[PDB]
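Take a look at the structure below.
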Amino acid sequence: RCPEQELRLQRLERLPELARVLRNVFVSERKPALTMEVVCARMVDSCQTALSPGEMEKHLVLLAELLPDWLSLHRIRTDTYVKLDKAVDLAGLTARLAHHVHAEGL
């Protein structure tokens, strides 16, 4: 197993917990979208993670790639807005995330 892939597996292992942290940040926010910068700052501050905000951004992007029906990113000028589809349950998402990760077979 090569380094790039070991790194991906490292990141993928964090996602279920990070997804919950993300959802909680949005539950506490009245606004429907937040900039990536803000979201990353709130996520790193919301748990005991070993990640920098830059590394957190990388994980959020992975999440957006794995769960595009839940997590959308929209560039407006130099900001990137993060929006959650709140019409989906973290339970359903969590099962889908697990399935996707497993299906990669590493």
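Just so we're on the same page: first chain in the structure tokens is A, next is B, and so on; residues restart at 1 for each chain, and ligands are numbered from 1 in the order they show up.
Around residue 34 (chain A), within 7 Å and counting only C-alpha atoms, the residues found are residues 38, 39, 81, 82 and 83 of chain A, once anything fewer than 3 positions away on its own chain is removed.
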Problem set entry | Which of chain A DSSP labels helix (DSSP H, G or I), written as a VMD selection string | chain A and resid 3 to 27 36 to 46 53 to 66 90 to 104
Might you pull out every residue within 10 Å of residue 102 (chain A), with only C-alpha atoms counted and same-chain residues fewer than 5 positions away left off, and present them as a compact mmCIF listing (two decimals) with N, CA and C atoms, in the first residue's frame?
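This went into out-v1.txt:
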# COMPACT_ATOMS: atom_id res chain seq x y z
N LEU A 12 -10.23 8.94 5.37
CA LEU A 12 -11.54 8.29 5.30
C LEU A 12 -12.00 7.79 6.67
N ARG A 96 -24.57 5.36 4.17
CA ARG A 96 -24.07 5.56 2.81
C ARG A 96 -22.57 5.83 2.79
N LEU A 97 -22.10 6.66 3.71
CA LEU A 97 -20.67 6.93 3.83
C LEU A 97 -19.88 5.63 4.07
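Put simply, CA of residue 40 (chain A) is 5.3 Å away from CA of residue 53 (chain A).
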For this session: Find the residues around residue 106 (chain A) up to 10 Å (only C-alpha atoms counted), leave out those fewer than 4 positions away in its own chain, and share them as a VMD selection string.
Result: chain A and resid 1 5 to 6 8 to 9 12 101 to 102
Save the residues we just selected, N, CA, C and O atoms, as a tab-separated table (two decimals), in the first residue's frame?
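Below is the file that was written, result-v3.tsv:
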chain	number	residue	atom	x	y	z
A	1	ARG	N	0.83	-1.20	0.00
A	1	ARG	CA	0.00	0.00	0.00
A	1	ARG	C	0.87	1.25	0.00
A	1	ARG	O	1.71	1.43	0.88
A	5	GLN	N	-2.19	6.38	-0.71
A	5	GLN	CA	-3.35	5.58	-0.38
A	5	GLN	C	-3.46	5.40	1.12
A	5	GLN	O	-4.56	5.35	1.67
A	6	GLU	N	-2.33	5.29	1.81
A	6	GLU	CA	-2.38	5.20	3.25
A	6	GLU	C	-2.95	6.50	3.81
A	6	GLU	O	-3.72	6.50	4.77
A	8	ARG	N	-5.08	8.55	2.23
A	8	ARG	CA	-6.52	8.54	1.98
A	8	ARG	C	-7.26	7.70	3.02
A	8	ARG	O	-8.30	8.11	3.54
A	9	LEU	N	-6.74	6.51	3.31
A	9	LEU	CA	-7.38	5.65	4.31
A	9	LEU	C	-7.42	6.35	5.67
A	9	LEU	O	-8.41	6.26	6.38
A	12	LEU	N	-10.23	8.94	5.37
A	12	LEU	CA	-11.54	8.29	5.30
A	12	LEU	C	-12.00	7.79	6.67
A	12	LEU	O	-13.19	7.78	6.99
A	101	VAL	N	-17.07	4.00	1.52
A	101	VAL	CA	-15.71	3.78	1.99
A	101	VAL	C	-15.33	2.31	1.84
A	101	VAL	O	-14.27	1.98	1.31
A	102	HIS	N	-16.22	1.43	2.29
A	102	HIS	CA	-16.00	-0.01	2.15
A	102	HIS	C	-15.84	-0.42	0.68
A	102	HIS	O	-14.96	-1.23	0.35
Residues at most 9 Å from region 62-77 of chain A, counting only C-alpha atoms, excluding those fewer than 2 positions away in the same chain, as a PDB file with N, CA and C atoms, in the first residue's frame?
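Result saved to around-v4.pdb:
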ATOM      1  N   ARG A  11      -7.622   9.587   6.174  1.00  0.00           N
ATOM      2  CA  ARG A  11      -8.647  10.621   6.078  1.00  0.00           C
ATOM      3  C   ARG A  11     -10.035  10.016   6.120  1.00  0.00           C
ATOM      4  N   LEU A  12     -10.233   8.936   5.370  1.00  0.00           N
ATOM      5  CA  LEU A  12     -11.545   8.292   5.299  1.00  0.00           C
ATOM      6  C   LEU A  12     -11.996   7.785   6.667  1.00  0.00           C
ATOM      7  N   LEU A  15     -13.874  10.459   8.695  1.00  0.00           N
ATOM      8  CA  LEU A  15     -15.052  11.121   8.128  1.00  0.00           C
ATOM      9  C   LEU A  15     -16.369  10.915   8.883  1.00  0.00           C
ATOM     10  N   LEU A  18     -16.174  13.314  11.737  1.00  0.00           N
ATOM     11  CA  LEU A  18     -16.168  14.669  11.188  1.00  0.00           C
ATOM     12  C   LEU A  18     -17.527  15.073  10.621  1.00  0.00           C
ATOM     13  N   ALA A  19     -18.243  14.121  10.036  1.00  0.00           N
ATOM     14  CA  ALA A  19     -19.567  14.416   9.507  1.00  0.00           C
ATOM     15  C   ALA A  19     -20.517  14.828  10.624  1.00  0.00           C
ATOM     16  N   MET A  36     -16.394  28.076   3.788  1.00  0.00           N
ATOM     17  CA  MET A  36     -15.454  27.004   4.119  1.00  0.00           C
ATOM     18  C   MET A  36     -14.499  27.403   5.224  1.00  0.00           C
ATOM     19  N   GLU A  57     -10.144  21.372   5.853  1.00  0.00           N
ATOM     20  CA  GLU A  57     -10.737  21.677   4.553  1.00  0.00           C
ATOM     21  C   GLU A  57     -10.618  20.480   3.631  1.00  0.00           C
ATOM     22  N   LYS A  58      -9.452  19.849   3.639  1.00  0.00           N
ATOM     23  CA  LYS A  58      -9.232  18.676   2.806  1.00  0.00           C
ATOM     24  C   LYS A  58     -10.246  17.569   3.117  1.00  0.00           C
ATOM     25  N   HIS A  59     -10.527  17.350   4.398  1.00  0.00           N
ATOM     26  CA  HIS A  59     -11.499  16.324   4.794  1.00  0.00           C
ATOM     27  C   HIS A  59     -12.920  16.683   4.403  1.00  0.00           C
ATOM     28  N   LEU A  60     -13.254  17.961   4.509  1.00  0.00           N
ATOM     29  CA  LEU A  60     -14.582  18.428   4.127  1.00  0.00           C
ATOM     30  C   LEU A  60     -14.797  18.238   2.641  1.00  0.00           C
ATOM     31  N   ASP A  79     -14.992  33.447  -1.850  1.00  0.00           N
ATOM     32  CA  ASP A  79     -15.480  32.581  -0.782  1.00  0.00           C
ATOM     33  C   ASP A  79     -16.006  31.293  -1.387  1.00  0.00           C
ATOM     34  N   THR A  80     -15.955  30.211  -0.624  1.00  0.00           N
ATOM     35  CA  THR A  80     -16.637  28.987  -1.004  1.00  0.00           C
ATOM     36  C   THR A  80     -17.661  28.663   0.066  1.00  0.00           C
ATOM     37  N   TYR A  81     -18.925  28.606  -0.324  1.00  0.00           N
ATOM     38  CA  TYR A  81     -19.976  28.373   0.650  1.00  0.00           C
ATOM     39  C   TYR A  81     -20.286  26.894   0.793  1.00  0.00           C
ATOM     40  N   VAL A  82     -20.386  26.451   2.045  1.00  0.00           N
ATOM     41  CA  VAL A  82     -20.789  25.098   2.394  1.00  0.00           C
ATOM     42  C   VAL A  82     -22.262  25.068   2.800  1.00  0.00           C
ATOM     43  N   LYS A  83     -23.021  24.189   2.164  1.00  0.00           N
ATOM     44  CA  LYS A  83     -24.443  24.083   2.419  1.00  0.00           C
ATOM     45  C   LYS A  83     -24.796  22.619   2.626  1.00  0.00           C
ATOM     46  N   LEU A  84     -25.607  22.342   3.638  1.00  0.00           N
ATOM     47  CA  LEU A  84     -26.074  20.986   3.880  1.00  0.00           C
ATOM     48  C   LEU A  84     -27.519  20.851   3.431  1.00  0.00           C
ATOM     49  N   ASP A  85     -27.843  19.728   2.805  1.00  0.00           N
ATOM     50  CA  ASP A  85     -29.234  19.405   2.539  1.00  0.00           C
ATOM     51  C   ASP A  85     -29.813  18.804   3.812  1.00  0.00           C
ATOM     52  N   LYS A  86     -30.557  19.602   4.568  1.00  0.00           N
ATOM     53  CA  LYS A  86     -31.066  19.135   5.855  1.00  0.00           C
ATOM     54  C   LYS A  86     -32.236  18.156   5.719  1.00  0.00           C
ATOM     55  N   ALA A  87     -32.623  17.858   4.482  1.00  0.00           N
ATOM     56  CA  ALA A  87     -33.673  16.875   4.222  1.00  0.00           C
ATOM     57  C   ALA A  87     -33.142  15.436   4.251  1.00  0.00           C
ATOM     58  N   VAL A  88     -31.893  15.267   4.675  1.00  0.00           N
ATOM     59  CA  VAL A  88     -31.326  13.930   4.822  1.00  0.00           C
ATOM     60  C   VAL A  88     -30.837  13.691   6.250  1.00  0.00           C
ATOM     61  N   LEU A  93     -27.071   9.067   5.903  1.00  0.00           N
ATOM     62  CA  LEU A  93     -25.783   9.521   5.379  1.00  0.00           C
ATOM     63  C   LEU A  93     -24.658   8.655   5.882  1.00  0.00           C
ATOM     64  N   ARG A  96     -24.572   5.365   4.166  1.00  0.00           N
ATOM     65  CA  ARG A  96     -24.073   5.565   2.808  1.00  0.00           C
ATOM     66  C   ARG A  96     -22.571   5.825   2.792  1.00  0.00           C
ATOM     67  N   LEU A  97     -22.100   6.663   3.711  1.00  0.00           N
ATOM     68  CA  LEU A  97     -20.670   6.925   3.831  1.00  0.00           C
ATOM     69  C   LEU A  97     -19.882   5.631   4.067  1.00  0.00           C
ATOM     70  N   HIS A 100     -19.795   3.525   0.847  1.00  0.00           N
ATOM     71  CA  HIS A 100     -18.846   4.094  -0.104  1.00  0.00           C
ATOM     72  C   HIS A 100     -17.415   3.761   0.264  1.00  0.00           C
ATOM     73  N   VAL A 101     -17.066   4.004   1.523  1.00  0.00           N
ATOM     74  CA  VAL A 101     -15.709   3.775   1.991  1.00  0.00           C
ATOM     75  C   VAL A 101     -15.334   2.309   1.839  1.00  0.00           C
TER      76      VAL A 101
END
Problem set entry | Closest of A:55, A:49, A:35, A:78 to residue 17 (chain A) - atom-to-atom distances counting only C-alpha atoms | A:49
